[PDB]
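One chain comes next, on its own, written out as structure tokens in the form deposited in one PDB entry.
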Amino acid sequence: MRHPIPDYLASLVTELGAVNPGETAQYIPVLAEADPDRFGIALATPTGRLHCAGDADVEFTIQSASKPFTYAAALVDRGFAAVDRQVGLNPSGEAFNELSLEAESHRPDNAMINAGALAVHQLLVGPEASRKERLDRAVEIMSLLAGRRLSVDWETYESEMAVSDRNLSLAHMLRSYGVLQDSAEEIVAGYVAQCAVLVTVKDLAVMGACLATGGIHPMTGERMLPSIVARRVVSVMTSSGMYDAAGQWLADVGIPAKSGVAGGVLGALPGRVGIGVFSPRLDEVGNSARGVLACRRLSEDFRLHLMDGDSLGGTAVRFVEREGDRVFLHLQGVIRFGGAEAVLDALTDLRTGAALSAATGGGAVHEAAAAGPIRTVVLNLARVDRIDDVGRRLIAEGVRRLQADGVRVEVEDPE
């Protein structure tokens, strides 16, 4: 059959496509003269599906939406300590206030604002890295998450450089406070090239999906980033992505995102989807008017929100059977604290010493109390996709306390 989501997307494109308020970034001709009658959107899932509609295959410079990816590369290349000493985690407007540097021992507020992005670029490969290395590293992280080699639009780059006095102001002030070690010109050029990286709505969706999964690429299943790093990135996207409008945005949209002045909007909702949107015209605060409106629509219509209780929970326990002397407990899904906690409940509801469930979501945990004594328990993990360190330790300890009850425990774990 035909998947309905791509259809929902086409509707939305047609709906919101009816109008085209605002205007394109006027500070440079390349963006000032860009065709405004363009509108695309993409939704990449964890499993690897990519739904889209409209101009979702049209390239445009990523601009600010590049900031979370370089942030991820910096945290990976230098570790949290080195990065947190140069970049804060406080939300704020893009407007620069010197008192903010003198504050919290000299460091821009966050990686989402330009001052922070400059500091992040400065930190890209290492203290002795060259300009070319940091630029390549920025292109590399973005390409790795997109799953294809990306190009830099040098035309937009040069156009931007001719009017980079502001970013130069920020860079020099950062140098003054010891946040930048290389030259203002060098760091600004690197950041400007970084923003000139070309991407389509589909790429942003895929890149967003890597972040939504905790660092796993949805198309290949390879871990591109550590989960803690991906977690920090989406965290700052949420608290600072939409600047001083972040609070209202978290509440009313609930989707961590970041817009770019070329018209692209990046979205990343943990555990659910990667979002890419494209629409040139910006609203009064510089965000893609339709891009931002499209995120708001998806949120409301699909009832998608960071505050959703969409967790495995008790469903971690596929089922529990008591054939006679032994008990068979099967697990499944992505097991972390929530699922592991439920498993511990199952092991405890046995005596080695319905409606409520469904009403909440305890899965087959209730089948534990329902299930001659019990001399052996079999934990089958065949249906379990993966388990984080926490889950492993909780279940490991759970198995340990079973034996302590003089109960035989066999863990059938194919892979």
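Numbers follow the displayed sequence, beginning with 1. What we label the rigid core is the largest C-alpha set whose atoms superpose within 1.5 Å from one form to the other.
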Of the other entries that cover residues on both sides, do at least a third skip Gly54? no
Please report whether at least a third of the other compared entries leave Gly372 without coordinates. yes
Unmodelled stretch from the deposited sequence between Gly353 and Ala354, which bin: none, 1 to 3, 4 to 9, 10 or more? 10 or more
As the entry stands, the deposited residues without coordinates between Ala371 and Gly372 add up to 4 to 9
Select between 227-235 and 124-132 the stretch whose C-alpha atoms have the higher average B-factor in the entry. 124-132
Stretch exceeding the other in mean C-alpha B-factor - 339-347, 207-215: 339-347
Residue selected from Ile62, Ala53, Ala44, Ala32 by maximal Cα B factor: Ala32
Out of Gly271, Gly324, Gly291, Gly247, highest CA B-factor residue: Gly324
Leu331, C-alpha B-factor rank within chain (lowest, middle or highest third): highest
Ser279 by Cα B-factor - lowest, middle or highest third of the modelled chain: middle
Of the three thirds of the chain ranked by Cα temperature factor, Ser240 occupies the lowest
Check where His106 lands among this chain's C-alpha B-factors and tell me if it's the lowest, middle or highest third. highest
Going by what the PDB entry lists, where does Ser92 fall on CA B-factor within its chain: lowest, middle or highest third? lowest
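Only in words, not in the display: the form solved in complex with a small molecule, which the text now covers.
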Which of 42-50, 377-385, 58-66, 357-365 lines the interface with the small molecule in the deposited complex (heavy atom within 4.5 Å): 58-66
Answer for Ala171 alone: is it within 4.5 Å of the small molecule in the deposited complex, judged on heavy atom distances? no
Is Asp109 one of the residues lying within 4.5 Å of the small molecule in the deposited complex, judged by heavy atom distances? no
Although the small molecule is absent from this view, report whether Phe278 comes within 4.5 Å of it in the deposited complex, heavy atoms only. no
Is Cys195 part of the interface with the small molecule in the deposited complex - any heavy atom within 4.5 Å? yes
Taking 4.5 Å between heavy atoms as the contact cutoff, choose which of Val261, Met242, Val273, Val343 touches the small molecule in the deposited complex. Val261
So the small molecule isn't shown here. In the deposited complex, which residue out of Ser100, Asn114, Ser227, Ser159 has a non-hydrogen atom within 4.5 Å of it? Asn114
Relative to the superposed core, which single residue of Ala162, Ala251, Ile228, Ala103 shows a CA shift of 2 Å or more between this form and the one not shown? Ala103
